[PDB]
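Step one of this worksheet: look at the structure below.
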Amino acid sequence: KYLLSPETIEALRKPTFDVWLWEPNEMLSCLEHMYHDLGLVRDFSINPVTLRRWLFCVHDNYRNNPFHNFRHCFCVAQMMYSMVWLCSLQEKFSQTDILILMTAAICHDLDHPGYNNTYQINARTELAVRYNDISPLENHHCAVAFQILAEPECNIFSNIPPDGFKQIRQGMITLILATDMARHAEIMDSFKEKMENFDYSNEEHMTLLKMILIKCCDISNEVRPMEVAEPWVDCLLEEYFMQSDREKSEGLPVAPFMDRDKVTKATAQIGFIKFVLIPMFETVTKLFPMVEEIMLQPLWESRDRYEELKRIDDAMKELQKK
Amino acid sequence: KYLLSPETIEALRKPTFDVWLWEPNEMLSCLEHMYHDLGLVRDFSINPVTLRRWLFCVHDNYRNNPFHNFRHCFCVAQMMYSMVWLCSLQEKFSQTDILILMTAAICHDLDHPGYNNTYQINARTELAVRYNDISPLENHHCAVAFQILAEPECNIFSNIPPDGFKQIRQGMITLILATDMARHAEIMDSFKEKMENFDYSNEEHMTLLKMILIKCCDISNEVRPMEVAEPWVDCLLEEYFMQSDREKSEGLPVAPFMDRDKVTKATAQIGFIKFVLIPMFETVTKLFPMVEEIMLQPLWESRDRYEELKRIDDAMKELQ
Ligand SMILES: COc1ccc(NC(=O)[C@@H](C)Nc2nc(=O)c3cnn(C4CCCC4)c3[nH]2)cc1
Ligand SMILES: COc1ccc(NC(=O)[C@@H](C)Nc2nc(=O)c3cnn(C4CCCC4)c3[nH]2)cc1
Ligand SMILES: [Mg+2]
Ligand SMILES: [Mg+2]
Ligand SMILES: [Zn+2]
Ligand SMILES: [Zn+2]
């Protein structure tokens, strides 16, 4: 099982990579390859043995949730990796920025519990109390990421000078905190503002672009081939129901899109695709045209397919009406 | 002792109150009085007994630092109390806002370790790593505040509907997080921006004002009579120097303004009074003119005194 075939290693570079075919060790090997392949091990003097141990801690710090598990972690990092090639991001970003994008992608959901921020806050959990209701999950993911890096045996940054560490740390924090969907509209507005006259030499412009990139990868499941993308919806709804169930037997509010009685696989995706994914990737296409064909296309197909599924679903519902 | 006298109860409403005369149990009694006096106990159905246990928990959660200790906590709240009367804040703010201001003031520095954010961040402390370098101390103060309020025996908000709690919690977090001096100019800029045409109806305007109010009380030591204020400068430097020593000892960056070899009592206060205190109180005076005579005058006087103490210091150094 261990040892990636050259076929796999080449497939790893595209958004068509079948993320379900592999097990922890294989995905870990793939992640390891990405760091070597992108020139990060080289340019940052990353002890290659430390790189593997680090990946092991990361994996150990992910929970067995239906959706927010290590495989999701792998999907986001693999999609980021695909973006780097598709958009030749190495022509626009320094290696440090590439390191930040990949590492934040891998760490962005560390120790996720399976219940979102709205639950944390409403249920006044320890995390919501610790972070004063401000992106409790994302703040936690960052903290865990750096508690891991604080451990010598897992410190892939041990050979980077202090100034570079601070720059990397700051960049990662910004990107991980940017994955909080509550800030989606805000961040999209900020990006579309800079978008009027984007400037690659403008640090603030690049910061927003990196935020949009990790955001894109985080919710990119529907960009993948239908057979690869569809099973994720079930995983998502499983986790969502696990929460709405709890919020119900606790008297806490319940979100409709998480309601076991109102949400279907299709209605869970149609809106998300039309008003979240497509708009975001469209803006990104204004910067990278190749994105439209490789990523906006599968999104359009997915949207149409789900709208058809919804009609069959509505038909069955009509037959259940009394 | 813990039974405040009529004289004490009346003096407690002015910024001239001598905070050094009382012991913790007496200060606790004073704080307790403030909640009854302001109508917070009535209007929020605070169980009087719970109010006492809570204050005891707050007190227990402050550390014995030379500056950031329970007495600092008391000064800020006592100054906020003074302000409510001086500016007639109950005419401008709801009882919920008064509650937010008073409770935030009391909890704003909970469990402060005696070393600022720069130290937490540079030493990569547990707190800095937990808060991702974002106002680690203030975030912590706020977390402890609600960890205490989470305990049923200390929950002074136990009889407040959920919607009220949320509005209060959000308010306190905003105010406690606003006490990070790294954000001083930023907050002053936003406030002054609103001040171009202040609107008591505008919630965003009122949020900034509350932020400025708590900020004023937090660094209001020099507004107090010279005899009350003077001792604080020594507590301030003691704490500051404890940090710079440690930083030197651990090979960490040292901030000149906290450096034991460069800071004198006069240089510590002059700039602070002239560029932080006065400008901030000047803007507030625009909304509350009575503040000029009660808080600015003491400031101008302290400024002039410390400026003189400086010329004397320089002449003494020069003489050698
Ligand atoms: C605007 O903030 C939002 C936060 C969560 C959602 N969730 C959805 O709309 C649900 C019903 N559908 C959905 N489809 C996806 O493929 C997908 C991928 N990620 N996510 C979620 C984004 C938050 C974490 C999981 C998805 N949600 C939608 C919007
Ligand atoms: C602009 O933000 C700043 C933050 C801290 C300082 N500190 C100082 O200037 C020191 C030397 N003097 C000073 N005098 C005071 O009466 C006073 C009261 N509080 N503080 C500090 C405010 C931050 C916490 C302690 C004071 N600092 C100066 C400026
Ligand atoms: Mg997340
Ligand atoms: Mg403080
Ligand atoms: Zn994620
Ligand atoms: Zn303070």
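FYI, nothing fancy with the structure tokens labels: chains A, B, ... in order, residues from 1 per chain, ligands from 1 as they appear.
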
8 Å contacts from chain B to chain A using only C-alpha atoms, as a VMD selection string:
chain B and resid 129 to 132 139 to 140 142 to 143 146 to 147 173

Any residue with an atom at most 7 Å from ligand 1 counts, using only C-alpha atoms and all ligand atoms. Which are they? Put them as a PyMOL selection string.
chain A and resi 181-182+184+219-222+233+236+257-258+268-269+271-272

Could the residues in this selection be written to a file with N, CA and C atoms, as a compact mmCIF listing (two decimals), in the first residue's frame?
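Written out: result.txt:
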# COMPACT_ATOMS: atom_id res chain seq x y z
N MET A 181 -16.92 30.63 7.63
CA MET A 181 -17.95 31.05 6.68
C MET A 181 -18.78 32.27 7.09
N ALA A 182 -18.78 32.59 8.38
CA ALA A 182 -19.52 33.75 8.87
C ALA A 182 -18.93 35.01 8.24
N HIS A 184 -17.67 35.04 5.18
CA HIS A 184 -17.66 34.87 3.74
C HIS A 184 -18.02 36.12 2.95
N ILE A 219 -14.03 24.61 0.63
CA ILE A 219 -15.37 24.21 0.23
C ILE A 219 -15.44 23.74 -1.22
N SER A 220 -14.33 23.23 -1.74
CA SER A 220 -14.24 22.79 -3.14
C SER A 220 -14.75 21.40 -3.54
N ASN A 221 -15.35 20.65 -2.62
CA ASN A 221 -15.84 19.32 -2.97
C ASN A 221 -16.61 19.23 -4.28
N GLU A 222 -17.59 20.11 -4.49
CA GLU A 222 -18.38 20.06 -5.71
C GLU A 222 -17.61 20.39 -7.00
N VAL A 233 -21.53 14.96 0.44
CA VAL A 233 -22.77 15.55 0.89
C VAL A 233 -23.39 14.72 2.01
N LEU A 236 -21.54 15.37 5.11
CA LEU A 236 -21.89 16.69 5.62
C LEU A 236 -23.23 16.66 6.36
N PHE A 257 -31.10 24.79 7.21
CA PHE A 257 -30.20 24.04 6.35
C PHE A 257 -29.54 22.87 7.06
N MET A 258 -29.81 22.73 8.35
CA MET A 258 -29.26 21.63 9.14
C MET A 258 -30.40 20.79 9.72
N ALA A 268 -29.42 21.02 -0.30
CA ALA A 268 -28.26 21.37 0.50
C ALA A 268 -27.15 21.90 -0.41
N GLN A 269 -27.17 21.45 -1.67
CA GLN A 269 -26.15 21.83 -2.65
C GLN A 269 -26.50 22.92 -3.65
N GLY A 271 -28.29 25.76 -3.67
CA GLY A 271 -28.04 27.13 -3.25
C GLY A 271 -26.57 27.39 -2.97
N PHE A 272 -25.94 26.46 -2.27
CA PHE A 272 -24.53 26.59 -1.95
C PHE A 272 -23.72 26.76 -3.23

Could you list, as a ChimeraX atom specification, every residue within 8 Å of residue B:34, counting only C-alpha atoms and ignoring same-chain residues fewer than 4 positions away?
/B:30,38,81

Name the residues of stretch 72-246 of chain A that fall into alpha helix (DSSP H) according to DSSP on the backbone, using the chain letters and numbers of this document, as a PyMOL selection string.
chain A and resi 72-86+95-107+117-122+126-130+136-150+162-177+184-194+203-218+226-246

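Using only C-alpha atoms and all ligand atoms for every distance, the candidate list A:287, A:101, A:110, A:270 yields A:110 as the residue closest to ligand 5.
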
How close does chain A get to ligand 5? List, as JSON lines, each residue of chain A within 12 Å, its nearest atom pair and the distance in Å to one decimal, counting only C-alpha atoms and all ligand atoms.
{"residue": "A:62", "atom": "CA", "partner": "ligand 5", "partner_atom_place_in_ligand_line": "1 (Zn)", "distance": 11.5}
{"residue": "A:65", "atom": "CA", "partner": "ligand 5", "partner_atom_place_in_ligand_line": "1 (Zn)", "distance": 11.9}
{"residue": "A:67", "atom": "CA", "partner": "ligand 5", "partner_atom_place_in_ligand_line": "1 (Zn)", "distance": 8.8}
{"residue": "A:68", "atom": "CA", "partner": "ligand 5", "partner_atom_place_in_ligand_line": "1 (Zn)", "distance": 6.5}
{"residue": "A:69", "atom": "CA", "partner": "ligand 5", "partner_atom_place_in_ligand_line": "1 (Zn)", "distance": 8.8}
{"residue": "A:70", "atom": "CA", "partner": "ligand 5", "partner_atom_place_in_ligand_line": "1 (Zn)", "distance": 9.9}
{"residue": "A:71", "atom": "CA", "partner": "ligand 5", "partner_atom_place_in_ligand_line": "1 (Zn)", "distance": 10.2}
{"residue": "A:72", "atom": "CA", "partner": "ligand 5", "partner_atom_place_in_ligand_line": "1 (Zn)", "distance": 6.6}
{"residue": "A:73", "atom": "CA", "partner": "ligand 5", "partner_atom_place_in_ligand_line": "1 (Zn)", "distance": 6.8}
{"residue": "A:74", "atom": "CA", "partner": "ligand 5", "partner_atom_place_in_ligand_line": "1 (Zn)", "distance": 9.9}
{"residue": "A:75", "atom": "CA", "partner": "ligand 5", "partner_atom_place_in_ligand_line": "1 (Zn)", "distance": 9.1}
{"residue": "A:76", "atom": "CA", "partner": "ligand 5", "partner_atom_place_in_ligand_line": "1 (Zn)", "distance": 7.2}
{"residue": "A:77", "atom": "CA", "partner": "ligand 5", "partner_atom_place_in_ligand_line": "1 (Zn)", "distance": 10.1}
{"residue": "A:79", "atom": "CA", "partner": "ligand 5", "partner_atom_place_in_ligand_line": "1 (Zn)", "distance": 12.0}
{"residue": "A:104", "atom": "CA", "partner": "ligand 5", "partner_atom_place_in_ligand_line": "1 (Zn)", "distance": 10.5}
{"residue": "A:105", "atom": "CA", "partner": "ligand 5", "partner_atom_place_in_ligand_line": "1 (Zn)", "distance": 8.3}
{"residue": "A:106", "atom": "CA", "partner": "ligand 5", "partner_atom_place_in_ligand_line": "1 (Zn)", "distance": 9.3}
{"residue": "A:107", "atom": "CA", "partner": "ligand 5", "partner_atom_place_in_ligand_line": "1 (Zn)", "distance": 9.1}
{"residue": "A:108", "atom": "CA", "partner": "ligand 5", "partner_atom_place_in_ligand_line": "1 (Zn)", "distance": 6.2}
{"residue": "A:109", "atom": "CA", "partner": "ligand 5", "partner_atom_place_in_ligand_line": "1 (Zn)", "distance": 5.4}
{"residue": "A:110", "atom": "CA", "partner": "ligand 5", "partner_atom_place_in_ligand_line": "1 (Zn)", "distance": 9.0}
{"residue": "A:111", "atom": "CA", "partner": "ligand 5", "partner_atom_place_in_ligand_line": "1 (Zn)", "distance": 11.1}
{"residue": "A:112", "atom": "CA", "partner": "ligand 5", "partner_atom_place_in_ligand_line": "1 (Zn)", "distance": 9.0}
{"residue": "A:113", "atom": "CA", "partner": "ligand 5", "partner_atom_place_in_ligand_line": "1 (Zn)", "distance": 12.0}
{"residue": "A:114", "atom": "CA", "partner": "ligand 5", "partner_atom_place_in_ligand_line": "1 (Zn)", "distance": 11.1}
{"residue": "A:116", "atom": "CA", "partner": "ligand 5", "partner_atom_place_in_ligand_line": "1 (Zn)", "distance": 10.9}
{"residue": "A:137", "atom": "CA", "partner": "ligand 5", "partner_atom_place_in_ligand_line": "1 (Zn)", "distance": 10.5}
{"residue": "A:138", "atom": "CA", "partner": "ligand 5", "partner_atom_place_in_ligand_line": "1 (Zn)", "distance": 9.5}
{"residue": "A:141", "atom": "CA", "partner": "ligand 5", "partner_atom_place_in_ligand_line": "1 (Zn)", "distance": 10.2}
{"residue": "A:175", "atom": "CA", "partner": "ligand 5", "partner_atom_place_in_ligand_line": "1 (Zn)", "distance": 11.6}
{"residue": "A:176", "atom": "CA", "partner": "ligand 5", "partner_atom_place_in_ligand_line": "1 (Zn)", "distance": 9.2}
{"residue": "A:177", "atom": "CA", "partner": "ligand 5", "partner_atom_place_in_ligand_line": "1 (Zn)", "distance": 11.0}
{"residue": "A:178", "atom": "CA", "partner": "ligand 5", "partner_atom_place_in_ligand_line": "1 (Zn)", "distance": 10.8}
{"residue": "A:179", "atom": "CA", "partner": "ligand 5", "partner_atom_place_in_ligand_line": "1 (Zn)", "distance": 7.1}
{"residue": "A:180", "atom": "CA", "partner": "ligand 5", "partner_atom_place_in_ligand_line": "1 (Zn)", "distance": 8.8}
{"residue": "A:181", "atom": "CA", "partner": "ligand 5", "partner_atom_place_in_ligand_line": "1 (Zn)", "distance": 9.8}
{"residue": "A:214", "atom": "CA", "partner": "ligand 5", "partner_atom_place_in_ligand_line": "1 (Zn)", "distance": 9.3}
{"residue": "A:215", "atom": "CA", "partner": "ligand 5", "partner_atom_place_in_ligand_line": "1 (Zn)", "distance": 8.5}
{"residue": "A:216", "atom": "CA", "partner": "ligand 5", "partner_atom_place_in_ligand_line": "1 (Zn)", "distance": 10.2}
{"residue": "A:217", "atom": "CA", "partner": "ligand 5", "partner_atom_place_in_ligand_line": "1 (Zn)", "distance": 8.4}
{"residue": "A:218", "atom": "CA", "partner": "ligand 5", "partner_atom_place_in_ligand_line": "1 (Zn)", "distance": 4.8}
{"residue": "A:219", "atom": "CA", "partner": "ligand 5", "partner_atom_place_in_ligand_line": "1 (Zn)", "distance": 6.9}
{"residue": "A:220", "atom": "CA", "partner": "ligand 5", "partner_atom_place_in_ligand_line": "1 (Zn)", "distance": 9.7}
{"residue": "A:221", "atom": "CA", "partner": "ligand 5", "partner_atom_place_in_ligand_line": "1 (Zn)", "distance": 10.5}
{"residue": "A:236", "atom": "CA", "partner": "ligand 5", "partner_atom_place_in_ligand_line": "1 (Zn)", "distance": 11.1}

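Between atom CA of residue A:80 and atom CA of residue A:14 there is a distance of 10.0 Å.
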
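Listed by chain and then residue number, the contacts of ligand 4 are residues 68, 72, 73, 107, 108, 109, 110, 111, 112, 114, 116, 117, 135, 137, 138, 139, 141, 176, 177, 178, 179, 180, 181, 215, 218 and 219 of chain B (distance at most 10 Å, using only C-alpha atoms and all ligand atoms).
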
Counting only C-alpha atoms and all ligand atoms, what residues are within 8 Å of ligand 2, given as a PyMOL selection string?
chain B and resi 116+180-182+184-185+218-222+232-233+236-237+257-258+263+267-269+271-273+276

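For residue B:102, the non-local neighbours within 7 Å, defined as residues at least 4 positions apart in the same chain or in other chains and counting only C-alpha atoms, are residues 77, 80, 98 and 106 of chain B.
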